[PDB]
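Q: If you scroll down you'll find the structure; I have some questions about it.
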Amino acid sequence: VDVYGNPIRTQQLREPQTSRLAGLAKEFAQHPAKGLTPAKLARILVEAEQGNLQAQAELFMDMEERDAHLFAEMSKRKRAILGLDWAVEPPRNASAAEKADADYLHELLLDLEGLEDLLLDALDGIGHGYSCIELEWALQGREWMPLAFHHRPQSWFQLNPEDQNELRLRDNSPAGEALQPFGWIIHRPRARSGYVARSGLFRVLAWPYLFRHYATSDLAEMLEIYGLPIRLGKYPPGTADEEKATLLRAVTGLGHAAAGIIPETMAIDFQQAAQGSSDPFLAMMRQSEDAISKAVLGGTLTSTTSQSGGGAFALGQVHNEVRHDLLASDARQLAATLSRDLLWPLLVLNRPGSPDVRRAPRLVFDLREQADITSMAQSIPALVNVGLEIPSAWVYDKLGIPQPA
Amino acid sequence: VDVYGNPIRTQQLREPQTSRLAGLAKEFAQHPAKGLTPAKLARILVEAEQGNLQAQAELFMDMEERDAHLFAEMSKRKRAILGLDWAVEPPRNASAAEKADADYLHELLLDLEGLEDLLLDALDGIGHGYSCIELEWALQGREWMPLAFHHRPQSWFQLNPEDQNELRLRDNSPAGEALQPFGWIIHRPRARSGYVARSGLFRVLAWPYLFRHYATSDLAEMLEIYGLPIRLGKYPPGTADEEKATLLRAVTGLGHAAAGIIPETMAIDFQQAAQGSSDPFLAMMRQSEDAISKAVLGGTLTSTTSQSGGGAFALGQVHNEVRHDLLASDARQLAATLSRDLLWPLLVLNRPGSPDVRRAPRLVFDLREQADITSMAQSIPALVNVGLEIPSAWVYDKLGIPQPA
Amino acid sequence: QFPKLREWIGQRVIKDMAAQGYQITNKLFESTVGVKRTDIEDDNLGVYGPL
């Protein structure tokens, strides 16, 4: 069975759950970001709270695509995880059989192509609040294998009417369809405590995005109007339609044309077009960008930048507060999700027996922080000459150097 | 029994208390932050003081979601705790049986999945003033286990009419329902001395949030109006309705249109639209953000930033004042809550006998601060050559290096 | 929906497509019961409260 105890039947693993839903694969995103107003955004969020996640997912995708600063921040945050070395470790004080199981799982993950793509797809749940990856199960004789990992759009799911924390497929029915066991890797990182609909970071970031969009569009319009002044022509009674058209064309082309002549009975008045500055717009854009930076990566390095300054402890100063905390949180949550969803089916299908769930191997990301070799290498000799018996295992582990074999 | 002495009956542990309240699970948040005015906020707070916590909880959730700066500060504060290593220690001068009990509890917590989620859910009480997590109890033979931890919204509870410090479930009755023993982990951090309703940090942070919201909305409106000037057209007596509509459309499109012509009998006056600056709005936003930073994380590193500057003692300078105090306070309160709520039921159900409550093991968070290895390693040799017999236990404990085994 | 793919002889007819927009409003529904406050507490069998 799975970790949650639901019965597992190997018959349903031959075909993906969504195969019998050919309607989903033919859908196109509705792009709800175009022509978006604060009222529309509020309605979208409220409806999403009630189980209509399609519009929210499409809006989040558009928001990711249309904002360069937000996209850069999210990409940097995800690439931070994608570059971490990982390993599979056996449970606490594991036995020989458990160690062998962990070693076999580690070897299987090393030789499993598409792991990086799986991690990238799973990390989308950081912003979207939940990411679902469908599994393709195949048999190369007697051992089950994940053939491929398919990322399904968040717009394909909904909320259970009887449960606000349980996701279901959109199968044209009011209650949707329950997710098949062992058929998905659902990643639901928890930045804030609440239901799944409210758990996305883009829900926090939506309003600054709209503020920045409005400011940028208004600035573009004002830059378009800038330049020549608006000038209005006046004509006396008894001016025919042809003369009216001639005066109109003359006024229209007068800005580009340096000189022109009109009868003394006519008049042209040059009125202010748009006089001001870009200061308000740019102030709003900077405020929104700082808010986005703080919300995504913390207000110590991105928005209120940590500035330059090297040194042996500079790495620690830059990392440990804020950056290390965020990195560790994301890595630990991703590792927990993976150990729950991918490691367990492999252990319970590819190996004999029914090992207890509490003793399953856990995937661990390498969060080791580079320690100053020079300072500590200076420090050891004094301590050892004093008489302290420092274990070599601690040194080898903390320095990153492996133990002799 | 529990720590408070209330009789404990194992019959009620088979089902959650809220299972017989299927009405609660079908509710949706009312979103009281939309269209919020200072009078409405004052009424919400006053009503919450009197036992109506639903509106206050929903307002706090909206406040958390809609403010990026506040959300970033709270997330950083909580992630600070989530990254701390923890251990279970036996009581003062504990005996062999007590040491065995503590070791078994430590092993059980290590192998208990969902601990990080439990800590995150409990830390919500920092801002909300109280967090309730429901327990699922199951028997794997002869030993009780927490199957899962469920975080219930603060909107599901109320105040006892006869007691302002005791929370109760909303069961449609005036007096609510008393909380089941051993069925919840209630975390109520105490930033300020008072009743539970007034104990939330969001109660302090509400007013700066409203100030910032008003300033941002006003700035957005003023940016919308900025650009072209308002221009008013005037027409003489004897202008028909069709000519009036033509003049109105001409005036409406005149700002975008560089040129236009009107009869000499008409007139168009270009009046100031909105002339000023973003300085007042931005000043208010900065004031509110500084207030929020000071209230959440202290006015030494976040609002009045500590600036750069490394060194061996830089860690101490940044941490010990403000940051270390807040970290230690939060960690100690969370550890006390956990030791009270989760450790005790495990000890009194999973082990024989009736150990005295005063001798229960206590969960301890690792608050050890990194000490300068180089300076102290320089220092020891002089002291030891002088003749001082410094214990090795103090060195091993303070450096973080473990004693040889 | 598109017109059926027809035969080609000398030139192509640039056909068009219809639209059948459907309008329907919303209605509001409610059901409420008035009860005495004192009565819900004045019970011992746990009834008149779940109602």
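Simple scheme: letters A, B, ... for chains in structure tokens order, numbers from 1 for residues in each chain, numbers from 1 for ligands in the order shown.
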Please produce, as a Markdown table, a per-residue contact table for chain B versus chain A (criterion: any atom at most 6 Å away, only C-alpha atoms considered), showing the nearest atom pair and its distance in Å to one decimal, sorted by chain then residue number.

A:
| residue | atom | partner | partner_atom | distance |
| --- | --- | --- | --- | --- |
| B:65 | CA | A:204 | CA | 5.4 |
| B:66 | CA | A:204 | CA | 6.0 |
| B:68 | CA | A:295 | CA | 5.8 |
| B:72 | CA | A:295 | CA | 4.9 |
| B:121 | CA | A:193 | CA | 5.9 |
| B:227 | CA | A:274 | CA | 5.7 |
| B:228 | CA | A:274 | CA | 5.3 |
| B:258 | CA | A:230 | CA | 4.5 |
| B:259 | CA | A:252 | CA | 5.2 |
| B:260 | CA | A:232 | CA | 5.0 |
| B:261 | CA | A:233 | CA | 4.6 |
| B:262 | CA | A:234 | CA | 5.4 |
| B:263 | CA | A:235 | CA | 5.4 |
| B:264 | CA | A:234 | CA | 5.2 |
| B:278 | CA | A:280 | CA | 5.4 |
| B:374 | CA | A:379 | CA | 5.2 |
| B:377 | CA | A:379 | CA | 5.7 |

Q: Go ahead and write the selection's residues with C-alpha atoms as a PDB file, in the first residue's frame.

A:
ATOM      1  CA  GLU B  65      -2.377  37.404   2.356  1.00  0.00           C
ATOM      2  CA  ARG B  66      -2.734  40.985   1.076  1.00  0.00           C
ATOM      3  CA  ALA B  68       3.720  41.373   0.976  1.00  0.00           C
ATOM      4  CA  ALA B  72       7.696  38.243   4.240  1.00  0.00           C
ATOM      5  CA  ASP B 121       1.080  25.245  12.067  1.00  0.00           C
ATOM      6  CA  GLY B 227      -1.389  62.201 -17.610  1.00  0.00           C
ATOM      7  CA  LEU B 228      -3.721  64.285 -19.738  1.00  0.00           C
ATOM      8  CA  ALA B 258      -3.148  66.085 -31.011  1.00  0.00           C
ATOM      9  CA  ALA B 259      -5.318  68.508 -32.995  1.00  0.00           C
ATOM     10  CA  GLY B 260      -8.927  69.553 -33.406  1.00  0.00           C
ATOM     11  CA  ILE B 261     -11.070  72.396 -34.690  1.00  0.00           C
ATOM     12  CA  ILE B 262     -14.129  74.039 -33.128  1.00  0.00           C
ATOM     13  CA  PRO B 263     -16.253  77.070 -34.007  1.00  0.00           C
ATOM     14  CA  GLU B 264     -15.071  80.397 -32.634  1.00  0.00           C
ATOM     15  CA  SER B 278       4.178  60.717  -4.584  1.00  0.00           C
ATOM     16  CA  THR B 374      40.238  30.450  16.392  1.00  0.00           C
ATOM     17  CA  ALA B 377      41.832  27.918  20.513  1.00  0.00           C
TER      18      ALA B 377
END

Q: Among range 46-260 of chain A, which residues carry a DSSP assignment of alpha helix (DSSP H), reported as a VMD selection string?

A: chain A and resid 46 to 49 53 to 66 68 to 82 96 to 110 115 to 123 125 to 128 201 to 225 241 to 254

Q: Which is closer to chain B than all the others in C:19, C:5, C:40, C:45, using only C-alpha atoms?

A: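 Smallest distance to chain B is found for C:40.
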
Q: Contacts from chain C to chain B, 12 Å maximum, only C-alpha atoms: show me the residue list as JSON, numbers by chain.

A: {"C": [35, 36, 37, 38, 39, 40, 41, 42, 43, 46, 47, 48, 49, 50, 51]}

Q: With C-alpha atoms retained, could you export that selection as a compact mmCIF listing (two decimals), in the first residue's frame?

A:
# COMPACT_ATOMS: atom_id res chain seq x y z
CA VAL C 35 -35.53 28.83 17.87
CA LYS C 36 -35.49 29.99 21.48
CA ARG C 37 -32.03 30.63 22.89
CA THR C 38 -32.84 29.22 26.32
CA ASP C 39 -34.29 25.99 24.92
CA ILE C 40 -31.10 24.78 23.21
CA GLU C 41 -29.23 24.73 26.53
CA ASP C 42 -32.33 23.44 28.37
CA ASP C 43 -31.95 19.89 27.09
CA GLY C 46 -28.58 16.32 22.96
CA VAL C 47 -31.52 17.22 20.71
CA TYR C 48 -32.86 20.55 19.40
CA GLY C 49 -29.20 21.60 19.14
CA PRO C 50 -28.11 19.59 16.09
CA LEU C 51 -31.17 20.95 14.27

Q: For residue 14 in chain C, please output as a PyMOL selection string all residues within 12 Å (counting only C-alpha atoms; exclusion window: fewer than 4 positions along the same chain).

A: chain C and resi 2-3+5-6

Q: Write the residues you've just listed into a file as a PDB file, in the first residue's frame, and include N, CA and C atoms for each of them.

A:
ATOM      1  N   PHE C   2     -17.620  24.856 -37.971  1.00  0.00           N
ATOM      2  CA  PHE C   2     -17.221  25.181 -39.329  1.00  0.00           C
ATOM      3  C   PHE C   2     -18.180  24.567 -40.346  1.00  0.00           C
ATOM      4  N   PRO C   3     -18.297  25.169 -41.527  1.00  0.00           N
ATOM      5  CA  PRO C   3     -19.024  24.504 -42.611  1.00  0.00           C
ATOM      6  C   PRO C   3     -18.265  23.283 -43.104  1.00  0.00           C
ATOM      7  N   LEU C   5     -16.319  20.676 -45.344  1.00  0.00           N
ATOM      8  CA  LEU C   5     -15.316  20.837 -46.392  1.00  0.00           C
ATOM      9  C   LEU C   5     -15.930  20.455 -47.731  1.00  0.00           C
ATOM     10  N   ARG C   6     -16.100  21.439 -48.609  1.00  0.00           N
ATOM     11  CA  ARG C   6     -16.765  21.231 -49.883  1.00  0.00           C
ATOM     12  C   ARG C   6     -15.744  20.936 -50.977  1.00  0.00           C
TER      13      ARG C   6
END

Q: Run DSSP on the backbone and grab whatever in range 177-284 of chain B lands in strand (DSSP E); send it over as a PyMOL selection string.

A: chain B and resi 177-178+184-187+230-234+259-263+267-271

Q: How would the residues just picked look written out with N, CA and C atoms as a PDB file, in the first residue's frame?

A:
ATOM      1  N   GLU B 177     -18.269  24.421  22.887  1.00  0.00           N
ATOM      2  CA  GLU B 177     -17.922  23.091  23.370  1.00  0.00           C
ATOM      3  C   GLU B 177     -16.500  23.113  23.908  1.00  0.00           C
ATOM      4  N   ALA B 178     -16.297  22.493  25.066  1.00  0.00           N
ATOM      5  CA  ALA B 178     -14.968  22.428  25.655  1.00  0.00           C
ATOM      6  C   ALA B 178     -14.044  21.577  24.793  1.00  0.00           C
ATOM      7  N   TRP B 184      -5.893  17.974  21.091  1.00  0.00           N
ATOM      8  CA  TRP B 184      -5.413  19.200  20.474  1.00  0.00           C
ATOM      9  C   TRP B 184      -4.016  19.529  20.980  1.00  0.00           C
ATOM     10  N   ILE B 185      -3.272  20.282  20.170  1.00  0.00           N
ATOM     11  CA  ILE B 185      -2.039  20.942  20.595  1.00  0.00           C
ATOM     12  C   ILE B 185      -2.289  22.435  20.434  1.00  0.00           C
ATOM     13  N   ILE B 186      -2.639  23.105  21.526  1.00  0.00           N
ATOM     14  CA  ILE B 186      -2.946  24.530  21.510  1.00  0.00           C
ATOM     15  C   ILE B 186      -1.669  25.291  21.831  1.00  0.00           C
ATOM     16  N   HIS B 187      -1.251  26.160  20.916  1.00  0.00           N
ATOM     17  CA  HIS B 187      -0.088  27.017  21.106  1.00  0.00           C
ATOM     18  C   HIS B 187      -0.569  28.453  21.240  1.00  0.00           C
ATOM     19  N   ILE B 230      -7.795  67.452 -17.487  1.00  0.00           N
ATOM     20  CA  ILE B 230      -9.231  67.590 -17.692  1.00  0.00           C
ATOM     21  C   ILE B 230      -9.502  68.877 -18.454  1.00  0.00           C
ATOM     22  N   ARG B 231     -10.304  68.768 -19.507  1.00  0.00           N
ATOM     23  CA  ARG B 231     -10.641  69.883 -20.374  1.00  0.00           C
ATOM     24  C   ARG B 231     -12.148  69.927 -20.568  1.00  0.00           C
ATOM     25  N   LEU B 232     -12.722  71.111 -20.387  1.00  0.00           N
ATOM     26  CA  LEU B 232     -14.163  71.315 -20.392  1.00  0.00           C
ATOM     27  C   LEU B 232     -14.550  72.162 -21.594  1.00  0.00           C
ATOM     28  N   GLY B 233     -15.529  71.690 -22.356  1.00  0.00           N
ATOM     29  CA  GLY B 233     -16.036  72.413 -23.504  1.00  0.00           C
ATOM     30  C   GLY B 233     -17.283  73.206 -23.153  1.00  0.00           C
ATOM     31  N   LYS B 234     -17.414  74.373 -23.775  1.00  0.00           N
ATOM     32  CA  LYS B 234     -18.543  75.263 -23.556  1.00  0.00           C
ATOM     33  C   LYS B 234     -19.191  75.580 -24.893  1.00  0.00           C
ATOM     34  N   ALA B 259      -4.749  67.307 -32.403  1.00  0.00           N
ATOM     35  CA  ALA B 259      -5.318  68.508 -32.995  1.00  0.00           C
ATOM     36  C   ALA B 259      -6.824  68.361 -33.157  1.00  0.00           C
ATOM     37  N   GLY B 260      -7.497  69.505 -33.175  1.00  0.00           N
ATOM     38  CA  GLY B 260      -8.927  69.553 -33.406  1.00  0.00           C
ATOM     39  C   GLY B 260      -9.351  70.972 -33.699  1.00  0.00           C
ATOM     40  N   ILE B 261     -10.532  71.101 -34.297  1.00  0.00           N
ATOM     41  CA  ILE B 261     -11.070  72.396 -34.690  1.00  0.00           C
ATOM     42  C   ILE B 261     -12.484  72.536 -34.146  1.00  0.00           C
ATOM     43  N   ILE B 262     -12.793  73.721 -33.630  1.00  0.00           N
ATOM     44  CA  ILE B 262     -14.129  74.039 -33.128  1.00  0.00           C
ATOM     45  C   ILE B 262     -14.522  75.422 -33.620  1.00  0.00           C
ATOM     46  N   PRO B 263     -15.822  75.718 -33.638  1.00  0.00           N
ATOM     47  CA  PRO B 263     -16.253  77.070 -34.007  1.00  0.00           C
ATOM     48  C   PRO B 263     -15.737  78.097 -33.012  1.00  0.00           C
ATOM     49  N   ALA B 267     -15.702  76.995 -26.851  1.00  0.00           N
ATOM     50  CA  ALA B 267     -14.497  77.201 -26.066  1.00  0.00           C
ATOM     51  C   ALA B 267     -14.163  75.917 -25.325  1.00  0.00           C
ATOM     52  N   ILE B 268     -12.870  75.627 -25.214  1.00  0.00           N
ATOM     53  CA  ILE B 268     -12.370  74.488 -24.457  1.00  0.00           C
ATOM     54  C   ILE B 268     -11.286  74.991 -23.517  1.00  0.00           C
ATOM     55  N   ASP B 269     -11.424  74.679 -22.231  1.00  0.00           N
ATOM     56  CA  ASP B 269     -10.494  75.125 -21.201  1.00  0.00           C
ATOM     57  C   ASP B 269      -9.827  73.906 -20.586  1.00  0.00           C
ATOM     58  N   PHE B 270      -8.496  73.906 -20.566  1.00  0.00           N
ATOM     59  CA  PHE B 270      -7.719  72.791 -20.023  1.00  0.00           C
ATOM     60  C   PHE B 270      -7.367  73.117 -18.577  1.00  0.00           C
ATOM     61  N   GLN B 271      -7.962  72.379 -17.646  1.00  0.00           N
ATOM     62  CA  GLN B 271      -7.778  72.601 -16.220  1.00  0.00           C
ATOM     63  C   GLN B 271      -6.839  71.548 -15.643  1.00  0.00           C
TER      64      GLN B 271
END

Q: Could you tell me which of A:14, A:128, A:99, A:79 comes closest to residue 59 in chain A if we count only C-alpha atoms?

A: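 Once distances to residue 59 in chain A are computed over only C-alpha atoms, the minimum belongs to A:128.
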
Q: One number please: CA of residue 286 in chain B to CA of residue 69 in chain A, in Å, one decimal.

A: 21.7 Å

Q: Using only C-alpha atoms, which protein or nucleic acid residues come within 12 Å of residue 183 in chain B? Drop anything in the same chain fewer than 5 positions from it, and give the result as a ChimeraX atom specification.

A: /B:2,8-19,132-137,146-152,178,341-342,345

Q: Restricted to C-alpha atoms, what would the selected residues look like written as an mmCIF file, in the first residue's frame?

A:
data_model
loop_
_atom_site.group_PDB
_atom_site.id
_atom_site.type_symbol
_atom_site.label_atom_id
_atom_site.label_comp_id
_atom_site.auth_asym_id
_atom_site.auth_seq_id
_atom_site.Cartn_x
_atom_site.Cartn_y
_atom_site.Cartn_z
ATOM 1 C CA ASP B 2 -3.109 15.182 31.337
ATOM 2 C CA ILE B 8 -8.470 11.101 30.465
ATOM 3 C CA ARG B 9 -10.674 8.475 28.804
ATOM 4 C CA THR B 10 -9.224 6.462 25.922
ATOM 5 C CA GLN B 11 -12.689 5.815 24.458
ATOM 6 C CA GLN B 12 -12.954 9.310 22.955
ATOM 7 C CA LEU B 13 -9.556 9.075 21.213
ATOM 8 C CA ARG B 14 -10.862 6.838 18.414
ATOM 9 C CA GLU B 15 -12.616 9.717 16.623
ATOM 10 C CA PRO B 16 -11.761 13.415 16.276
ATOM 11 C CA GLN B 17 -13.884 15.803 18.305
ATOM 12 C CA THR B 18 -14.908 17.800 15.220
ATOM 13 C CA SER B 19 -16.049 14.706 13.298
ATOM 14 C CA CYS B 132 -5.134 24.675 17.500
ATOM 15 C CA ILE B 133 -3.955 21.425 15.890
ATOM 16 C CA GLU B 134 -6.219 18.378 16.087
ATOM 17 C CA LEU B 135 -4.696 14.952 16.710
ATOM 18 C CA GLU B 136 -5.529 11.645 15.037
ATOM 19 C CA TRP B 137 -4.909 8.761 17.447
ATOM 20 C CA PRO B 146 -0.444 10.246 16.353
ATOM 21 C CA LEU B 147 -1.704 9.341 12.886
ATOM 22 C CA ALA B 148 -1.690 12.924 11.591
ATOM 23 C CA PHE B 149 -1.814 16.566 12.660
ATOM 24 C CA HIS B 150 -4.704 18.709 11.407
ATOM 25 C CA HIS B 151 -4.604 22.497 11.734
ATOM 26 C CA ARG B 152 -8.068 23.919 12.336
ATOM 27 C CA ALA B 178 -14.968 22.428 25.655
ATOM 28 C CA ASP B 341 0.743 18.629 24.628
ATOM 29 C CA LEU B 342 2.521 15.952 22.541
ATOM 30 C CA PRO B 345 0.256 11.787 26.028
#
